[PDB]
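Peer 1: Protein chains in written order, with the entry's author numbering: chain A, 1376 to 1490; chain B, 60 to 208; chain C, 17 to 46, 57 to 112; chain D, 1 to 104. Even for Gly, the Cβ is constructed at its ideal location relative to N, Cα and C. Sending over a structure as structure tokens; questions will come in a sec.
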Amino acid sequence: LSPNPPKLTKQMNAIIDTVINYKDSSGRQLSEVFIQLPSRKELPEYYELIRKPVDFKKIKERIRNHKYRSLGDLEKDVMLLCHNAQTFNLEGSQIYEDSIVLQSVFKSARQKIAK
Amino acid sequence: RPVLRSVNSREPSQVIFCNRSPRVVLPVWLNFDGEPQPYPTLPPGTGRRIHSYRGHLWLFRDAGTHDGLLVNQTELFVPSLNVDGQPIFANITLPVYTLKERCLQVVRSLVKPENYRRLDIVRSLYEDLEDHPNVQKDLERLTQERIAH
Amino acid sequence: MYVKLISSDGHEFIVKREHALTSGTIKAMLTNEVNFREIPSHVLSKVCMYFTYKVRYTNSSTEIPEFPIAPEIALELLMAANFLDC
Amino acid sequence: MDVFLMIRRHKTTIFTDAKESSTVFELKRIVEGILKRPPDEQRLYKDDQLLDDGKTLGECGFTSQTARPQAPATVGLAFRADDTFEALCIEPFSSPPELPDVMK
Ligand SMILES: Cc1ncsc1-c1ccc(CNC(=O)[C@@H]2C[C@@H](O)CN2C(=O)[C@@H](NC(=O)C2(F)CC2)C(C)(C)C)c(OCCOc2ccc(CN3CCN(c4cc(-c5ccccc5O)nnc4N)CC3)cc2)c1
Ligand code: NA
Ligand code: NA
Ligand code: NA
Ligand code: NA
């Protein structure tokens, strides 16, 4: 487990920062609830359903520790976060709608920072 | 697992909470283990379309005093599935309190709890004033009612 | 159809039997006249208004208004309500 | 719809309801059913003003907003004796005590 080049870690961090810092037109940070999973004691129901839990804390850690070897590997963990939130909280929940917007903000940020 | 709980249906249900009381309302959700959770408050006359699930148990209190309120003329609210995307409506009102209970509410609202035993009243009413309304009290009563189907 | 409730100062209140029966105490004591040696007129009139309010709004579909109580009658009204079991 | 009244004379208070659309005369008939005095033995008042028999309770100023179950409007009642109407006399209710210090 050897280090990614500096320019790739600079790319990854700037994409995730955009997603995390994104505010909507009302002025609300959509990432807020996605920073940190609830614990298995708080909400066992989440862990009976979701096989591969992940939050933005873990995604920032996986950047620091060079576990993502491509912008592609990063996207997969973010899409997974957003799909887990969609699977658990179903269509019709604010948190499902928030996760959809964040998928879009991610792809939009990676399109700008891969230029 | 207690008698009064939400079930983990994972079946979405759109609900409108409407406060037609002169109280600030605290919606209270019973979780999968019967434990009441507080949700954001509704000022008098306000309503909100909110997302819930089939078989999720709700009840409604004065946000300041925990005085109990009705929803569609009963104490518990449980959504069906929406038929054809129609939201379920929850009409939140005052009950008809007993006069005794309404008098306790007004004295409690005008007198700091330290000063309750400084009022010139029948002494048995000091205990009644201190027995503040709460969800856990009413939860146990509603549970006993359900035990008798 | 109607019963007489008499306050301590000798005010007579003619209310519907069905409305008076809101009071557990009154419901037991019922003849058609009821003498209250310890509830005065400014309290007993307000009790009668609670009876009207209760029968009107119990099991209604119209919005229910708050039953108002002035600070100055609240303590007496409490003791009345406590004695009258309503 | 419904208006909620206290009909008051001397130390007698009748709690009754009626319709906004019902007449002062129909109220006298309610009183006659209770106190066995005929309409022509009754004067009804609102705040010292004599109510005409043919007028509706709504027309006299008794509305759903001013005559509520929890705050009924007052109708004054005076009876005839020896072919003379008494002065309208409503005995006040008792006064509450001084508001205690601990209730502000
Ligand atoms: C505006 C308003 N005025 C008056 S009332 C009101 C209102 C009404 C409703 C609502 C919202 N509706 C509800 O809460 C509904 C009502 C009831 O039916 C339960 N209920 C659920 O949603 C539940 N869900 C379910 O049963 C399922 F989802 C199908 C299985 C449950 C509570 C278990 C969540 C509302 O919202 C305000 C805010 O309300 C909350 C705020 C914070 C918390 C505490 N926790 C909860 C878990 N949580 C999550 C994290 C992640 C995640 C994190 C990191 C990475 C990935 C992730 O996936 N994902 N999902 C989560 N749920 C974090 C916060 C709870 C409520 C206001
Ligand atoms: Na997750
Ligand atoms: Na559920
Ligand atoms: Na839902
Ligand atoms: Na009430």
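Comparing the CB of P97 of chain B with every heavy atom of ligand 6, is any distance shorter than 7 Å?
Peer 2: Although ligand 6 was asked about, the structure shown includes only ligand 1, ligand 2, ligand 3, ligand 4 and ligand 5 as ligands.
Peer 1: So that I know if they touch, is there some Cβ in chain D lying closer than 8 Å to that of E59 of chain C?
Peer 2: Counting from 1 along the third sequence, the entry for residue 59 of chain C is found at position 33. Answer no: the Cβ-Cβ gap between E59 of chain C and chain D never drops below 8 Å.
Peer 1: Ligand 3 and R8 of chain D: does any heavy atom of the ligand fall closer than 7 Å to the residue's C-beta?
Peer 2: Your numbering for residue 8 of chain D matches position 8 in the fourth sequence. With a threshold of 7 Å, the Cβ atom of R8 of chain D does not count as near ligand 3, since no heavy atom of the ligand is closer than that.
Peer 1: Can you check whether the CB of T152 of chain B is closer than 8 Å to the CB of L128 of chain B?
Peer 2: For the purposes of this step, residue 128 of chain B is taken as the residue at position 69 of the second sequence. For the purposes of this step, residue 152 of chain B is taken as the residue at position 93 of the second sequence. Cβ atoms of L128 of chain B and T152 of chain B: closer than 8 Å.
Peer 1: My guess is that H1441 of chain A and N1379 of chain A are in contact by the Cβ rule of under 8 Å, so how many angstroms apart are they, rounded?
Peer 2: Locating residue 1441 of chain A in the first sequence gives position 66, where the first residue counts as 1. Locating residue 1379 of chain A in the first sequence gives position 4, where the first residue counts as 1. With 8 Å as the limit, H1441 of chain A and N1379 of chain A qualify as a contact, their Cβ atoms being about 5 Å apart.
Peer 1: Should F119 of chain B be counted as a contact of ligand 5 given a C-beta to heavy atom distance under 7 Å?
Peer 2: In the second sequence, residue 119 of chain B corresponds to position 60, counting from 1. Incorrect: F119 of chain B has no Cβ contact closer than 7 Å to ligand 5.
Peer 1: Helix, strand or coil for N1379 of chain A, going by three-state DSSP, please let me know.
Peer 2: By one-based count along the first sequence, residue 1379 of chain A stands at place 4. Correct three-state label for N1379 of chain A: coil.
Peer 1: At what residues does the alpha helix (DSSP H) containing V81 of chain C begin and finish?
Peer 2: Here residue 81 of chain C refers to the residue found at position 55 of the third sequence. Segment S67 to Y83, the alpha helix (DSSP H) holding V81 of chain C.
Peer 1: Given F1481 of chain A, which residues of its chain have a CB within under 6 Å of its CB, disregarding the five upstream and five downstream residues?
Peer 2: If you number the first sequence from 1, residue 1481 of chain A lands on position 106. Counting only residues of its own chain and dropping the five nearest sequence neighbours on each side, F1481 of chain A has a CB closer than 6 Å to the CB of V1394 and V1453.
Peer 1: Compute every distance between the C-beta of residue 3 of chain B and the non-hydrogen atoms of ligand 3, then say whether any falls below 7 Å.
Peer 2: Residue numbering for chain B in the displayed model covers 60 to 208; residue 3 of chain B lies beyond these limits and cannot be assessed.
Peer 1: In three-state DSSP terms, what is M1454 of chain A?
Peer 2: Reading the first sequence from its first residue, position 79 is the one you call residue 1454 of chain A. Three-state DSSP puts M1454 of chain A in a helix.
Peer 1: According to the neighbour-count rule (16 or more other Cβ atoms, all chains shown, within 10 Å of its Cβ), is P102 of chain B buried or exposed?
Peer 2: By 1-based counting over the second sequence, the position of residue 102 of chain B is 43. So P102 of chain B ends up on the exposed side.
Peer 1: Which partner residues does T124 of chain B have in the DSSP bridge list?
Peer 2: For the purposes of this step, residue 124 of chain B is identified with residue 65 of the second sequence, where counting begins at 1. According to DSSP, which records beta bridges pairwise, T124 of chain B is partnered with nothing at all.
Peer 1: Any residue with its Cβ nearer than 7 Å to a heavy atom of ligand 2 should be included. What is that list in chain order?
Peer 2: A:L1412, A:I1425, A:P1428, A:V1429, A:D1430, A:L1455, A:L1456, A:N1459 and A:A1460
Peer 1: Inspect the beta-carbon positions of residue 117 of chain D and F79 of chain D and report whether they are closer than 8 Å.
Peer 2: Outside the shown range of chain D, which is 1 to 104, sits residue 117 of chain D, and nothing can be said about it.
Peer 1: Ligand 1 and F1481 of chain A: does any heavy atom of the ligand fall closer than 7 Å to the residue's C-beta?
Peer 2: Taking the first residue of the first sequence as 1, we reach residue 1481 of chain A at position 106. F1481 of chain A Cβ: outside cutoff for every heavy atom of ligand 1.
Peer 1: Please check the pair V3 of chain D and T63 of chain D, which I expect to be a contact at CB under 8 Å, by giving their CB distance rounded to whole angstroms.
Peer 2: The count along the fourth sequence starts at 1 and reaches residue 3 of chain D at position 3. The count along the fourth sequence starts at 1 and reaches residue 63 of chain D at position 63. Correct: roughly 7 Å between the Cβ atoms.
Peer 1: Under a three-way DSSP split, which group does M6 of chain D fall into?
Peer 2: Walking along the fourth sequence from the start, residue 6 of chain D turns up at place 6. DSSP places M6 of chain D in strand when its eight states are reduced to three.
Peer 1: Grouping DSSP H, G and I as helix and E and B as strand, with all else coil, what is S168 of chain B?
Peer 2: Here residue 168 of chain B corresponds to residue number 109 of the second sequence, with the count starting at 1. Helix, per DSSP.
Peer 1: Tell me the residue span of the beta strand (DSSP E) that contains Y45 of chain D.
Peer 2: Counting from 1 along the fourth sequence, the entry for residue 45 of chain D is found at position 45. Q42 to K46 is the extent of the beta strand (DSSP E) around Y45 of chain D.
Peer 1: With a threshold of 16 other CB atoms inside 10 Å of the CB of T78 of chain C, please say whether the residue is buried or exposed.
Peer 2: Counting from 1 along the third sequence, the entry for residue 78 of chain C is found at position 52. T78 of chain C sits buried, since 16 or more C-beta atoms from the chains shown fall within 10 Å of its C-beta.
Peer 1: Would you say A36 of chain C reaches chain B, if we count a Cβ-Cβ gap shorter than 8 Å as a contact?
Peer 2: One-based indexing of the third sequence puts residue 36 of chain C at position 20. No, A36 of chain C does not count as interfacial toward chain B.
Peer 1: Below 7 Å between beta carbons is the criterion; list the residues of the stretch 1–27 of chain D that meet it against any residue of chain C, in chain order.
Peer 2: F4, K11, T12, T13, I14 and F15
Peer 1: In terms of DSSP beta bridges, what is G76 of chain D paired with?
Peer 2: As a working note, residue 76 of chain D is residue 76 in the fourth sequence. The partner list for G76 of chain D (beta bridge, DSSP) reads D:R8 and D:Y45.
Peer 1: Can you grab the Cα-Cα spacing for the pair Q132 of chain B / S86 of chain C, in whole Å?
Peer 2: For the purposes of this step, residue 132 of chain B is taken as residue 73 along the second sequence, with counting starting at 1. For the purposes of this step, residue 86 of chain C is taken as residue 60 along the third sequence, with counting starting at 1. Each residue's Cα considered, the two are about 8 Å apart.
Peer 1: Would you please verify whether the beta carbon of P97 of chain B is less than 8 Å from any beta carbon of chain A?
Peer 2: By one-based count along the second sequence, residue 97 of chain B stands at place 38. Cβ-Cβ to chain A under 8 Å: no for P97 of chain B.
Peer 1: If we define contact as Cβ-Cβ less than 8 Å, is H115 of chain B a contact residue for chain A?
Peer 2: Counted from its first residue, the second sequence places residue 115 of chain B at position 56. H115 of chain B does not count as touching chain A.
Peer 1: May I ask which residues mark the beginning and end of the alpha helix (DSSP H) holding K196 of chain B?
Peer 2: For the purposes of this step, residue 196 of chain B is taken as the residue at position 137 of the second sequence. From DSSP, the alpha helix (DSSP H) with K196 of chain B extends over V194 to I206.
Peer 1: If the cut-off is 7 Å on Cβ atoms, which residues from the stretch 66–77 of chain B count as contacting chain A, listed in chain order?
Peer 2: Taking 7 Å as the cut-off between beta carbons, the residues of the stretch 66–77 of chain B near chain A are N67, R69, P71 and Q73, in sequence order.
Peer 1: Sorry if obvious, but does the Cβ on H110 of chain B come closer than 7 Å to a heavy atom of ligand 4?
Peer 2: Here residue 110 of chain B refers to the residue found at position 51 of the second sequence. Yes, since a heavy atom of ligand 4 falls inside the 7 Å radius drawn around the Cβ of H110 of chain B.
Peer 1: For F136 of chain B, decide whether its Cβ has a neighbour in chain A, counting only Cβ atoms nearer than 8 Å.
Peer 2: Stepping through the second sequence from its first residue, residue 136 of chain B is reached at position 77. Not one chain A Cβ lies under 8 Å of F136 of chain B.
Peer 1: Report the CB separation of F15 of chain D from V31 of chain C in whole angstroms; it is logged as a contact under 8 Å.
Peer 2: Indexing the fourth sequence from 1 puts residue 15 of chain D at position 15. Indexing the third sequence from 1 puts residue 31 of chain C at position 15. Under the criterion of beta carbons closer than 8 Å, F15 of chain D and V31 of chain C qualify as touching, at roughly 5 Å.
Peer 1: Could you say which of A:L1477, A:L1412 and A:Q1386 lies nearest to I1425 of chain A if we only look at CA atoms?
Peer 2: The residue given as residue 1425 of chain A occupies position 50 in the first sequence. The option with the nearest alpha carbon to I1425 of chain A is A:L1412.
Peer 1: Just list the residues that DSSP pairs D53 of chain D with in beta bridges.
Peer 2: Along the fourth sequence, one-based indexing puts residue 53 of chain D at 53. Note: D53 of chain D sits in no beta bridge, so no partner.
Peer 1: Tell me where the alpha helix (DSSP H) around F1409 of chain A begins and ends.
Peer 2: Against the first sequence, residue 1409 of chain A aligns to sequence position 34. Where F1409 of chain A is concerned, there is no enclosing alpha helix (DSSP H), because DSSP gives it neither an H nor an E.
Peer 1: For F91 of chain B, would you say it is in contact with chain A, using Cβ-to-Cβ distances shorter than 8 Å as the test?
Peer 2: Here residue 91 of chain B corresponds to residue number 32 of the second sequence, with the count starting at 1. Yes, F91 of chain B lies at the interface with chain A (some Cβ there is under 8 Å from its Cβ).
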